[PDB]
Amino acid sequence: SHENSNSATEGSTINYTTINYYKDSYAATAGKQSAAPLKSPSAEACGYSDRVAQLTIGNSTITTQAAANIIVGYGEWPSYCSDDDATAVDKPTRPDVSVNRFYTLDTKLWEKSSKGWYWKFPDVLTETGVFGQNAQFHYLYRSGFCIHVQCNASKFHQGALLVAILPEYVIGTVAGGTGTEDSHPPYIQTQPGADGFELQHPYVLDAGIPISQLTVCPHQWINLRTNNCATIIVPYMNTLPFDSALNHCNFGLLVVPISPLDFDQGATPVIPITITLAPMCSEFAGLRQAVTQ
Amino acid sequence: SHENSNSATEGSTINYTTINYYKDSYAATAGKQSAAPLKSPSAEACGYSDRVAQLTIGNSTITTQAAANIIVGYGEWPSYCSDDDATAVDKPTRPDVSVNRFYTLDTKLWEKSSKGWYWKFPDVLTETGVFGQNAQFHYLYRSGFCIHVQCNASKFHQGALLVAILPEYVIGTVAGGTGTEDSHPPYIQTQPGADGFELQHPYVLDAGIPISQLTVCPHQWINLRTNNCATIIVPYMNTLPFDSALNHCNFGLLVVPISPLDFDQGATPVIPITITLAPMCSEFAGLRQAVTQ
Amino acid sequence: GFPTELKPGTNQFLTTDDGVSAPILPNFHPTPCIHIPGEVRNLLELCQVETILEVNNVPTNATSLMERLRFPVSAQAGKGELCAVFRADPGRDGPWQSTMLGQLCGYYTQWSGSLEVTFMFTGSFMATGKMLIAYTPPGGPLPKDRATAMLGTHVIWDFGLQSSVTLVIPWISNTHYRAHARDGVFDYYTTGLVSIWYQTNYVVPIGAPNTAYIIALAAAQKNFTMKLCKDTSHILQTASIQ
Amino acid sequence: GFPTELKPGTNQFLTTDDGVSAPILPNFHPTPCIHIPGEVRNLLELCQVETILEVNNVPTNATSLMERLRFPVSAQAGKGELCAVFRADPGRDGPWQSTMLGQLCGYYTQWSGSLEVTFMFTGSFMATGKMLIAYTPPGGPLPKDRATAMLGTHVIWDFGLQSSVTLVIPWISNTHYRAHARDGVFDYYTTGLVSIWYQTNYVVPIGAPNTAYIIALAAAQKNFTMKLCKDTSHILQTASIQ
Amino acid sequence: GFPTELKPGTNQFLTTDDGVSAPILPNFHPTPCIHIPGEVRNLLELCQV
Amino acid sequence: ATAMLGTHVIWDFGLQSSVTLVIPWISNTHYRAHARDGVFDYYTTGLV
Amino acid sequence: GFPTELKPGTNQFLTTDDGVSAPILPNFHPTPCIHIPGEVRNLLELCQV
Amino acid sequence: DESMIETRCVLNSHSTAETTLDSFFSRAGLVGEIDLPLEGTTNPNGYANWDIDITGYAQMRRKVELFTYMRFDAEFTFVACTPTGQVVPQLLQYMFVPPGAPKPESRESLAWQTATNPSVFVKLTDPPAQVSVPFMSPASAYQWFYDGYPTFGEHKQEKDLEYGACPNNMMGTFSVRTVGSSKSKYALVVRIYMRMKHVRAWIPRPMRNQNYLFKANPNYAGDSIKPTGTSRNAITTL
Amino acid sequence: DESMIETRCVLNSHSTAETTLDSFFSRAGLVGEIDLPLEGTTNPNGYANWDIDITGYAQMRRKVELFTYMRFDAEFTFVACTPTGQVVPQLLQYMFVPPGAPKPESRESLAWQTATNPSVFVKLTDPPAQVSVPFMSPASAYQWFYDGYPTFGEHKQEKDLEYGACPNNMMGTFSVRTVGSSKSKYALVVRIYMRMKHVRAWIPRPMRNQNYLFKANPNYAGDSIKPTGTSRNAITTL
Amino acid sequence: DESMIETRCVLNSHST
Ligand SMILES: CCCCCCCCCCCCC/C=C/[C@H](O)[C@H](N)CO
Ligand SMILES: CCCCCCCCCCCCC/C=C/[C@H](O)[C@H](N)CO
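Protein chains in written order, with our numbering: chain A, -10 to 282; chain B, -10 to 282; chain C, 14 to 255; chain D, 14 to 255; chain E, 302 to 350; chain F, 138 to 185; chain G, 302 to 350; chain H, 1126 to 1363; chain I, 1126 to 1363; chain J, 3 to 18.
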């Protein structure tokens, strides 16, 4: 009562017992603390099977295995911004059928020597559809995503893809190779658009972080013997309630072949990977003239 | 309530009044503290005469004086590991008749110039019987022991043996004699097996510790006029609930003649000392292929 | 003045001391915390997430670095051939360093609990066979044959029918906690050895590839715990950051 | 700032000061304490355990060092011969240093209470006789004969019938506590002298050994107490430990 | 003396530290505050003008 | 050392003049026929 | 750290200051006080003799 | 666990408290070393303006970059010393310079009057200066990884350095001087140590398996891409 | 007692509190002396890595080796000084380096950033640095006597030094530096004093009656085996 | 019998 409630943990659900001799709560000691979101839970695990019984959003419809094969990113469904979490006093627009629909980006071909690609969100959809037009016309943007990476192969084909969602996928460079150049990735590399960008070093994910630990991020496998597609339900993950859709990407979708594609000669050599994705609970605010970038 | 209960004396039965100005209980002052196990109690003194009325375990049977001549090591009977005290999540095996039985090791001869021997546990039983096979096959081991050192002599023979149980009997060297070599005892000296190892300097117990204070450890005398045998009931004494039976010895059994053997010419010069011992409440865990060492 | 006495330890700066400090800003309230998804409250939540175990940590070249995440499985002579071995120690230098459990284990001296290693078969749907994934408790060396290995804790994994199996490495230790197993004296804290053996074979029909791959994904169980936070040594930057 | 005043004694490091210190590890909980047998809560528990009293501290050679734990008893002329003498002081340099009570007594300046010295006869079962084990209170010198010694506190010990007797050295002192008795002024704190005399003889038949041995085992009673913890001087390492 | 331990940050002068300081004048009561019009209690009042 | 792995008694004959080694009924069959040198050694009780 | 301010008189050693001092011996209990005759509780008892 | 082996009942009273973020991150570590030399060209005027960035040292940077978003308060400790290790009788003025506040241009600059800036006056003979720093960011958390640009407009190669620069994280300058009109007679080194209190972290990333090269930059040496862990000669052997 | 003599009633109000383990062991004693010389070859670089082991000094080692198992928390006091006794104005960084944490290789090593390692910054003019160290061991108690080997496998003479080495006791390195890029101008000696608080001890052994020669080793001089106590000319005389 | 070995319960319905 006699102290300012201005610590970094006010508003949390954790009760902290602390020692403070000053006016401010942040001056106090760290003290004591008086399914699981991180394991890429399924829709059945999160109990969201009712919203998943038919993946039809807007005016689009995809078909896949239900519930168990629907990865909800961090166990949280996309939602509109709550009244307390939002800061902008302007009321947002909710098109909800012209922006919350499945958009099909491109048809990148999986090869035996394929290294992998990444797609930045919502950079992939900035110049596509009513969602793209709302992204250019509005300063503020907020949406979840339902990304459905599709890769059909016969039962004689083999291989696996780590279809993963890396939030705030900052791209690093080779720094001239020797590491003493301080180069920075260009706009076509940081924001490659709907066409995506092929990974130069998928082992370090072009950021100095191993792909072996990419599974701590929301992810799903496209092991060809088991499933032919991966559906990841990504919520809006940002330090802010809203953000610009043009100069900040909330997350990068990593589609990397961990197990290489392999088949004997006579089967179809064209094994394409299709990125179909739907914004969920899309919000736009701060309306002005449309700007591409 | 506001402090972490992370001192070294949490879980003890002693109430400590302490002064602490920090989050952690171990930062506090030493403070105040708000038959007997160490005197080598008998089975009658510990009240364990019912388990002692007939020393028959497994498929073996020894005969000696009951209750009063049965030294329970540190006043504690051997027991299976409690649920809280154990850490390994694998469930242990309890053979209980093939491992909890008296094993007879060897027949070391007591001489007039005899210096004494030691036996390391369960190193003496690592290559003997189903107990030895379970020790090689399992990573984790836990057992008490019922060691019955037998030395029969006529009523015209004289002498005494300090049959004692020294927990964690680390063997030291002469260090080259001058004390500036930092030599270490070999495997045949640290773990001599069922044959035992004769003491080079029984006065310092080959460890720089006097034998005159060996009686603070669980012990019994084989003063030949009074008794012809010593039965020591040793529990499992370790910092751990379980341990490897092959590279760590819980205790060493010291059988040292304090009073020398003496008799006139015409009596039997062969006065042998027999080590008969039974594991009690033997547990084995962490099963893999059998390894001798 | 109230009579006080300075003890040993005044004017010392203990870096892990949880003490009160003078606030630079009176009445500064921070930005209100909005709901951000994914929130972590304990590092054992990260420890329980399955991460790719680099069992095939043979290749060193940058062009073949992505081959470390998977290891080959192929048709053999049907004699219980050895597929792959690795130590079951998460904090040890080797295959486990590629995992989140291994990298977090570098920050903690002592670990306890069972370990989850999931092997995902990435062959054809026509590719069939069984593997004997044996966890050897400590003391047992590397088995020279599958008959030696089956005496330990093992799973027989029909990868043709179920594409993913999880070999739960049970917490089998003398101590309540295990420090980092190391080559030398600290091999006392070895978890043991995990080896994969061909139970029958890798059987494929005409038209299916003769070589497949298995992606090992290592994690920790809910009973996993950590102790004694320490500076990590899995990666050592010897140059200054410009 | 709250008005405070530093007294004498700030920035001093008293080694026995029971003060609060800054914890290097916040929220570090230790390994849970399993039940380990034998637990000691007081050093007087060790003081009460009987340990071999080296009455025969004559030999110095390493080959004859084990002879110190026992002292000879043999057939005499039947004139109340002297068997063995020793001072009843546990902290004094001499026979009592071999005991746990003596070594622990080196760590404490002042001791009080009665002392238990158990003599165990280690002859033949045919070996018989009696000994007069006399504890002389302070002031009385070493008795020149058994007639002088029996005037003090004494036991007559038939070692043929009972192989072990315990001469309880009663706490007979001017002071409530006794410091370490020393040669010189501190002999004021002498406990007295304990001497063993042949009450009758050491009698053996034909075929029994003519010389036996007695193992003296010294302890403390339940009324034994200790005061003024101090650095021990029973053993002094003058070289640095490498 | 009561056992105390100095932490990091002693003898530091944080300019925004809201601490207690020794009063130069015991029992000095100031001039009573008369009512002056216009009083400001928050700078956001000036921001709204 | 080989023999102590079986069912055994350690008999201090100096202190107790008589001991009884109880040979326990350890058999595959519920009853034992006469053990003989040859095929009927299947019904051996064992060795003492 | 709790905000404190050192006054004049710190690090001074007043010989008649009745202050608390760090005990060199934790849990050391002295020899129990037996009854000794003649006990003095005030020097004015000696003054009246 | 019981789906793999037959298990015994183990009462695992194993504490999870030391794996909390307030246990992993509430340990002070070096985030900035400031040199105030006598003859060197780094800070020859007795003053230094160090932009607050904890990504300059590999241990703290890798610890905090385990997560993407990280909202905390900080205990900032500054261990001032002579770079030979001496404790000289020199008085320094630390001063937190928030964004928009005037960064000092000299040792005797008028911004050192610190009428509103938080400043610490502490001698080197004193213990290291400790201050609690609250959560600075206009965002709801600090952001070690900003996949995007702070500004709008066309992004050429000349402005590619703005990529990853989230101004919710660059929260000003830590300015240190020797308090005096004349130059100090000692060489000073101020070592900044941050202990993170009241820690909340949201998005766990893969750890850093490459050598850090530049502050606030995931750049890695392309020709020196080493594996995450040690290597093996063969897969059938250890 | 009454079985020996006729006794009078004595109301023995004699306290047993000073024979507790928290009275016998809660007294700080020298467990480590670290030299940081100017010209010597011991620690010439201004830094030192001292593996934590209290068995280097005879008094504390004999006190703790009275028991086998010993679980306690420790108050660690480091009395830094010039080996002539001076109190010089030099600032040092103590840093507890747990097993697996990088032991520093130089005075300006990057492990000194202590982002997670517990470190103490203290000047020599300050009172000796005091820290509470909790019970470190993965075991339930520390183990001064480990009858066995830490590792499996065949034990030759080359690996006989591993006998008695229980890694439940070697709990890391105590690293001390002079905080600076340049070498210090003073010779420093850091003396480590451990006070054992909250002490539990389990298995009492015979005391040490031989001269200690090596740390964590019960080795004794074979040709210099002296008796436990002083000697007498004859047994019938004093 | 039980004075010699640890025994299991055997329901000996053996006719005399
Ligand atoms: C009187 C001195 C007060 C010192 C105030 C220091 C401000 C503390 C702010 C800490 C917040 C993070 C600082 C910067 C974050 C990162 O290093 C990068 N900018 C993000 O990549
Ligand atoms: C910031 C400085 C903190 C200092 C931390 C010191 C760690 C204290 C651990 C004490 C536990 C015993 C240490 C070693 C035990 C013995 O000497 C041997 N290793 C066993 O023979």
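Beta carbons are placed, not taken as given, at the ideal position from N, Cα and C, and that holds for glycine.
As assigned by DSSP and simplified to three states, the class of residue i
i	result
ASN48(A)	coil
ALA16(A)	helix
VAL1245(I)	strand
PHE15(D)	strand
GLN202(A)	helix
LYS28(A)	helix
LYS1322(I)	strand
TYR1311(H)	coil
Amino acids of chain A, ordered along the chain, whose beta-carbon sits closer than 7 angstroms to that of residue i
i	result
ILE254(C)	Simply none; closest approach about 11 angstroms.
Any chain G beta carbon closer than 8 angstroms to residue i
i	result
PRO43(C)	no
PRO16(C)	yes
Chain H contact residues for residue i, given Cβ-Cβ distances below 7 angstroms
i	result
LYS80(B)	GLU1131, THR1132 and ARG1133
Residue i at chain J interface by Cβ criterion, 8 angstroms
i	result
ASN48(B)	yes
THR2(B)	no
Per-residue contacts from residue i into chain H (C-beta, under 8 angstroms)
i	result
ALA75(B)	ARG1133, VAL1135 and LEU1136
Interface partners of residue i on chain G, CB under 7 angstroms
i	result
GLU1143(I)	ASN328, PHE329 and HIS330
Listed by chain order, chain A residues near residue i by CB distance under 9 angstroms
i	result
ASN(-7)(B)	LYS21
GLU1283(H)	Within chain A, no residue comes near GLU1283(H); the closest Cβ sits about 10 angstroms away, beyond 9 angstroms.
Beta carbon proximity, residue i to chain H, threshold 8 angstroms
i	result
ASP232(B)	no
Proximity test, Cβ basis, 8 angstroms: residue i and chain D
i	result
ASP1126(I)	yes
Cβ separation of residue i and residue j, assumed to be a contact under 8 angstroms, to the nearest whole Å
i	j	result
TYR225(B)	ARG131(B)	5 angstroms
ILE1317(H)	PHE1203(H)	6 angstroms
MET1319(H)	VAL1156(H)	5 angstroms
Per-residue burial, residue i [other beta carbons within 10 Å of its own, 16 or more giving buried]
i	result
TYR179(F)	exposed
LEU164(D)	exposed
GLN61(D)	buried
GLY1165(H)	exposed
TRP210(A)	buried
Cutoff 8 angstroms: residue i Cβ touching any chain C Cβ
i	result
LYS12(A)	yes
Contacts that residue i makes with chain C (C-beta to C-beta distance below 8 angstroms)
i	result
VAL321(G)	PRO16 and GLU18
Cutoff 8 angstroms: residue i Cβ touching any chain B Cβ
i	result
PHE1203(I)	no
Interface partners of residue i on chain B, CB under 8 angstroms
i	result
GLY151(F)	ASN141 and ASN217
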